[PDB]
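FYI the Cβ positions are ideal-geometry reconstructions off the backbone, even for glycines, and counts take in every protein chain you see. What follows is calculated from the coordinates using simple rules that are stated; it is not laboratory data.
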Amino acid sequence: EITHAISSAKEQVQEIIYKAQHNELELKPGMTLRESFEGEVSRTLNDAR
Amino acid sequence: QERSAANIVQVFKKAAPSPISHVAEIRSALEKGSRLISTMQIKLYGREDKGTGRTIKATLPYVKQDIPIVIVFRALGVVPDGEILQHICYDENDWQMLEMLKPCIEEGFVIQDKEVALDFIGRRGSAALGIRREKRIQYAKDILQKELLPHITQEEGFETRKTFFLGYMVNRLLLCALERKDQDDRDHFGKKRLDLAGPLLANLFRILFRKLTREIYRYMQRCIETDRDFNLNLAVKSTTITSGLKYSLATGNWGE
Amino acid sequence: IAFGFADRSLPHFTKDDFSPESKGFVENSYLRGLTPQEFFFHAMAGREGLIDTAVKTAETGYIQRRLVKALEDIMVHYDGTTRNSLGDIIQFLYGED
Amino acid sequence: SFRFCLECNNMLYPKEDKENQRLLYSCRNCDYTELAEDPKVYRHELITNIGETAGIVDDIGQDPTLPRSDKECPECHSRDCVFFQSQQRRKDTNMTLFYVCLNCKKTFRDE
Amino acid sequence: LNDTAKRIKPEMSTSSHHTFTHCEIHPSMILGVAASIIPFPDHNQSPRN
Amino acid sequence: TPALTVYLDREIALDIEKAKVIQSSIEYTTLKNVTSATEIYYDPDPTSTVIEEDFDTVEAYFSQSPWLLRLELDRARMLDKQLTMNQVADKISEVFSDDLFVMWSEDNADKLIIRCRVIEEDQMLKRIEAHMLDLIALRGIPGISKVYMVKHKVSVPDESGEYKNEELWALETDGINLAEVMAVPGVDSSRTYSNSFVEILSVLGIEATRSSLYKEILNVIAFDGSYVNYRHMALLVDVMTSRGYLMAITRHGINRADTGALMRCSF
Amino acid sequence: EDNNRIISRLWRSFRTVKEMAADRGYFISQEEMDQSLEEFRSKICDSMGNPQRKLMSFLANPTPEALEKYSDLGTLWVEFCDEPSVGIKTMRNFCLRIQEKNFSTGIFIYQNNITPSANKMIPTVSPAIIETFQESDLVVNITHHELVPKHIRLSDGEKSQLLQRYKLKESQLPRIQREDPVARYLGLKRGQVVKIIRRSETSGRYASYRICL
Amino acid sequence: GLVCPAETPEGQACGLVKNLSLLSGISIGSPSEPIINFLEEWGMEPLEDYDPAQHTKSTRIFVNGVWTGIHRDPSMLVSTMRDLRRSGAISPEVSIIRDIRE
RNA sequence: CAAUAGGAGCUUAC
Ligand SMILES: [Zn+2]
Ligand SMILES: [Zn+2]
């Protein structure tokens, strides 16, 4: 179960990376696209743990 | 002892309440002895959107006030502005950097020959007051030859290589200012050197042996007056090197 | 974990690799054991923590000393007021209750 | 892009022929004055993109640290390409990538 | 593979073909003299090391 | 990090379109914010042109110095601030009433252009361009560089007297200009708050400064779930506001009191 | 267009000035209190719509309660000036008119700035008192703000009672600057003590007192 | 690989006093004359024959922080330099660092 | 019934 959850989160992060690289990620107010990408990835990994 | 490397150009950002924004700093040293000689910065005056003049001004050692760059390029022996730009600009097609280079050219348009610019440098050489032109020029030319990038070379007739290194330093400055290249990493461990027993004892021995040679001079001033032959075994006070090395190694304080 | 090398965290990674493992995600547990890369990243984080503990305590001690000197002369008096050494009123009733 | 003098080798500045109303270019050292082609005299930019594709060399295929991708070369159908993102380092820059064929050496993108 | 006991050597899936130029002689050599006494230092939080 | 918290009027506070209109009214835009690239063309004859796009426009606009300024306006940037060509041209004429003559291409034009004429002038044009790009305002309160559309979960009584949550649109900002934002219509003038209590003192007085000071200290302490009893922070803010002005906890504040010399020297 | 906004801001400032006068103790007719934007525009603006600010200038008399309480409360003059910048000329005229009709307090509402050379004549016009406010500052009444508790200036007898109850000297009280926005709004002179009742989360209600510098 | 990631003093010396990794080694220094000679042989052109109007693709060569020339083709120069170092002809503690974007 | 000072360095616990 634990390794499945970690693999699912890795896939989610890879999807966020794909979305950021093909310029389709949705930014947040007062926050840059790169900072939005980093914040979303950090959220995902913290929730994975 | 850990120290930043020598003879490498590093470019740093600066702070908001500072007219200077970008600074290229190089410390210089020689392949023989591996000792520091001189340091020479090239700063970028003018903040983002404030400080209308975004000129670049050098800081030569042994001069109190900072000289514009075109002045020192002319003083080193390349007067035509096309050649100055070419020493700075490797690719004429690029245009943003050339658009950021005009205020320097304008602030140093007055000079048109080597002698006048080299005097303009000389008028700032921090020496005594009122030296006449013909030897103010010699003083400034000596500064431009030695104490300016000794690692490049300290002999005359090779000013073109120093001009090329200045062009490189200015180009890296502009690359950091135009955001086309990132600022140098202070904490990068590849830009640091470790001084082991060899160089530390070399520094201390150089200091103490120059002390000894000054003692030899201060003895040969007096004894030669007597007009006698001397056997030099009373001319060397051997206790100077011994006491100095022993004091430094026993206390740790590295110096006189 | 920042790109301390040029465009990477360690020289065992490729350029511009933003995956969780490259930028400081430790997939293992302490029981399972950390990889050398995870070990180094965890060492950077622990070093940051030690530096923080070592360095903020001086600012905190300075702040607490200044607060104590600012408030050292303030006492509740027998009429209920809160006054300093000059007799000046800071609060007409302590804690307002 | 400002030019230089064909005689004095300094740089030419703009001026006005009030008796002909045509933008010349005046040397502040010599007396030479040539006709110009472009009436533009100044430029200023805040949305710039210089440094998008400039971070490429011929031998960029020789870098062994660049990650290699499977993107198809639209040009040369190459199933092996090294890739990297925009070499500009500003905060608001995009995150789109660039793709270099090791076969055809054409740089491309995924759009 | 699929060993629930041995630690998962990282996937490293983004890169199609690796072109290695060097190999570590042994990864434990990153430690110094004092850290080399520690047994299983990769099972500790770094402040304890 | 300076910041205001702008509570909206209730009619605005529930509608989102109205809140966005108030946002547009409060945010500060300069010609920099909507300018792409400015040019300079030598145009010797005012009634004609050496250019090939705007010749038809100026032949439709007619039936001084030959120095022209040609600044270009990107589409989406203009689009996002609800700004058209008319207000921008009017604003330029507002501070360049008669020492400048402004031409502006139409909004539907395939190229959004502006043309100006001066009434050797290749450098006064540059100075004027810089002064325009760096000092012309379009709308909003100076000092407010960004505005966000934030949501506040206020608890208000129901019509039965029982407390029920209620979902309202409020405002947060970057930068600080308390006096001018408090006046803007649509803002709850009795509830605007700033996180800079020096501003509060200059605008609202010393008791409001004490309240703001307590709010900031409570925020800093209770950030992490720590709870300090009220009276300690009340005492700290009462010492800092007892003289009528903010007394900092420094030597410049503590040692400017009238207490004895030995106390001040001991610190 | 922009004229409606200017008129609305001026009307808000006028309402704030009237609220100041009523709060300070002066009698204001209830109908001029509830002055509405359109009726104000009717009575003030022109055919061109721009407003004559010389008609807004009114005269306020003390309510009898604020005389039984504040025996030193005289008669108020309030002038909205038309010159954006105000110089020594205009201040000279204002002081001459104030002394001419023995007005105790003269509030001089200006638009843009009051020059220091003119500003120096403000305190040298005894025994009358001249205060000035800028219209931009008066748009919002700050005593209505939630963070601003209600200030009530004490009378001389009540100030003496306050000092004796606490066995206090004047210098041992918390203080308020004469330039404090709420002291400026209340027309506080040196030595007068306001009483400030405010919310207290530990006790419910708490009364504070500050003395004017 | 250069300094121990774990051994550092506690307190006010934290991070400033470092400890060498077990396989770390410190260079002794070496004469730069053979390096320059090898560089001159394989094709480096000097800066007294330099003209950035033409040399828009050339790669610039720094030696000990001193810019000493440019080359038309860094690939074979780095390959031959690395082979010389790996054969013993060059001191094994000599850095041979190609930068490709710059 | 009387056991120097000043410095530097390395450490201990927060
Ligand atoms: Zn010329
Ligand atoms: Zn191809």
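Would you list the P(r) distribution for chain F, with all Cα-Cα distances sorted into 10 Å bins from 0 and each bin expressed as a whole %?
6, 20, 22, 18, 15, 11, 6, 2, 0
Of the options G:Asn4, G:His144, G:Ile196, report the single residue whose Cα projects farthest towards the positive end of the charge dipole of chain G (beta-carbon charges: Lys, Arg +1; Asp, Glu -1).
G:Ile196
Which of the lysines could be linked to G:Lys101 by a straight reach, that is with a Cα gap under 17 Å, when you skip same-chain ones fewer than 8 residues away?
Those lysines meeting the cut-off do not exist here.
For a quick protection proxy, order the peptides G:199-207, F:193-201 by their average other-Cβ count within 10 Å, most packed first.
The most tightly packed comes first, giving F:193-201, G:199-207.
Compute the distance in nm between two label points, each set 7 Å from the Cα along the Cα-to-Cβ direction, one at F:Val102 and one at F:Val50.
According to this spin-label approximation, the distance is 2.6 nm.
So how tilted is helix C:36-71 from the main axis of chain C? Cα-based, degrees 0 to 90, rounded to 10.
On a 0 to 90 degree scale, this one is about 10.
Only loop residues by DSSP count here, and only those with at most 13 other Cβ atoms within 10 Å; note down the trypsin sites (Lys or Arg not before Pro) in the range G:80-150 that meet that.
Taking the range G:80-150 and a limit of 13 other Cβ atoms within 10 Å, the loop trypsin sites (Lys or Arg not before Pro) found are G:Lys101, G:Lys120.
Just counting partner chain Cβ atoms within 10 Å, what average do the residues of peptide F:38-45 show around their Cβ?
Taking all residues of F:38-45 together, the mean is 5.
With the cut-off at 25 Å, report for chain G the share of all Cα pairs above it, as a whole percent.
Taking all Cα-Cα pairs of chain G, the fraction more than 25 Å apart is 45 percent.
Dividing the alpha-carbon Rg of the range G:141-213 by 2.2 N^0.38 Å yields what?
Numbers: Rg = 12.5 Å, N = 73, 2.2 N^0.38 = 11.2 Å.
Ratio of Rg to 2.2 N^0.38 Å for the range G:141-213: 1.11.
Using only alpha carbons, build the gyration tensor for the range C:1-47 and give me the equivalent ellipsoid semi-axes, biggest first, whole Å.
In descending order, the three semi-axes are 19, 11, 8 Å.
Straight distance only, please: which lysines reach the Cα of F:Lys91 with their own Cα at less than 30 Å, same-chain residues fewer than 8 apart left out?
B:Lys50, D:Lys40, F:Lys18, F:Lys20, F:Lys32, F:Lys81, F:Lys111, F:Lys126, F:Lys146
Please give the FRET efficiency for F:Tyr61 paired with A:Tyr18, using the beta carbon to beta carbon distance and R0 = 51 Å, rounded to the nearest 0.05.
Efficiency at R0 = 51 Å is approximately 0.50.
For chain C, what is the convex hull volume of the alpha-carbon atoms per residue, in Å³? Walk me through the numbers before you get to the answer.
Numbers: hull volume 20.3 nm³, N = 97.
Hull volume normalised by residue count: 210 Å³.
Per residue, how big is the convex hull around the C-alpha atoms of the range D:45-111? Give it to me in cubic angstrom, could you? Each step should come with its number before you reach the end.
Numbers: hull volume 6.6 nm³, N = 67.
Value for the range D:45-111: 99 Å³ per residue.
Under a 5 Å amide H to amide H cut-off, with H placed in plane at 1.01 Å, what residues pair with H:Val63 once short-range neighbours are removed?
H:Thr68
For the range D:1-44, what size does the Cα cloud have along each of its three principal axes, sorted from largest down, in whole Å?
30, 25, 15
Could you work out, residue by residue across F:125-137, how many beta carbons of other chains sit within 10 Å of that residue's beta carbon, and then give the average as an integer?
Mean partner shielding for this stretch: 1.
For the range D:25-97, which GluC sites (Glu not before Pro) are both in a DSSP coil and crowded by at most 10 other Cβ atoms within 10 Å?
Of the GluC sites (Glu not before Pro), the ones in loops of the range D:25-97 whose Cβ has at most 10 other Cβ atoms within 10 Å are D:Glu37.
Taking every DSSP beta bridge with both residues inside the protein assembly as shown, roughly what % is antiparallel (nearest 5)?
About 90 percent, rounded to the nearest 5.
How large is ³J(HN,Hα) for each residue in the range H:32-41, as worked out from phi by the Karplus curve 6.51 cos²θ - 1.76 cosθ + 1.60 (θ = phi - 60°), to whole Hz, x for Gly and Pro?
Once rounded to whole Hz, the list reads 8, 4, x, 4, 4, 5, 4, 4, 5, 5.
At q = 0.06, 0.08 Å⁻¹, what is the log10 ratio I(q)/I(0) for the protein assembly as shown, with the Debye formula run over Cα points and no solvent?
Taking Cα atoms of the protein assembly as shown as identical point scatterers yields -0.78, -1.27.
Taking each residue of B:182-193 in turn, how many C-beta atoms of other protein chains fall within 10 Å of its C-beta, and what is the average?
Partner Cβ neighbours, averaged per residue: 2.
Can you give me the three principal axis dimensions of chain E from its C-alpha atoms, in Å, biggest first?
39, 31, 18
Please report Rg over Rh for chain B, where both radii come from the alpha carbon positions and Rh follows the Kirkwood definition.
Taking Rh as the inverse mean 1/r over Cα pairs, Rg/Rh reads 1.07.
Taking a quarter of the surface of the Cα convex hull of the range F:1-75, what do you get in nm²?
9.6
Mind listing the long-range amide H neighbours of D:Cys5? Cut-off is under 5 Å, sequence gap 5 or more, other chains count too, H placed in the peptide plane at 1.01 Å from N.
The list, which skips near neighbours in sequence, is D:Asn10, D:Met11, D:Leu12.
What is the spin-label model distance, in nm, from A:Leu27 to G:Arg198 if the labels are put 7 Å beyond Cα along the C-beta direction?
If labels sit at A:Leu27 and G:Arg198, their model points lie 4.2 nm apart.
Considering just Cα atoms, how many Å³ per residue does the convex hull of the range B:26-147 enclose?
In the range B:26-147, the Cα hull volume divided by residue count equals 137 Å³.
Which one of B:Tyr62, B:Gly82, B:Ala140 is farthest out on the positive end of the charge dipole of the range B:10-193, using unit charges on Cβ (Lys, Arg +1; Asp, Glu -1) and the Cα centre as origin?
With unit charges placed on the Cβ atoms, the residue in question is B:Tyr62.
Taking the Cα centre of chain E as the origin, how large is its charge dipole in debye, to the nearest 20, when only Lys and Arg (+1) and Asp and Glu (-1) carry charge on their Cβ atoms? Write out the running numbers ahead of the final one.
On the way: 4 positive and 4 negative charges, 23 e Å.
Using Cβ point charges on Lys, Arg, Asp and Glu, chain E gives about 120 debye.
Suppose the Debye formula is applied to equal point scatterers at every Cα of chain H; what is log10 I(q)/I(0) at q = 0.18, 0.19, 0.24 Å⁻¹?
Cα-only, vacuum Debye calculation for chain H: -0.91, -0.96, -1.32.
Using the Karplus curve 6.51 cos²θ - 1.76 cosθ + 1.60 with θ = phi - 60°, work out ³J(HN,Hα) for each residue of the range F:237-252 in order, rounded to whole Hz, and write x for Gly and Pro.
With coefficients 6.51, -1.76 and 1.60, one gets 6, 6, 5, 6, 10, 6, 7, x, 9, 6, 9, 6, 8, 8, 5, 5 Hz.
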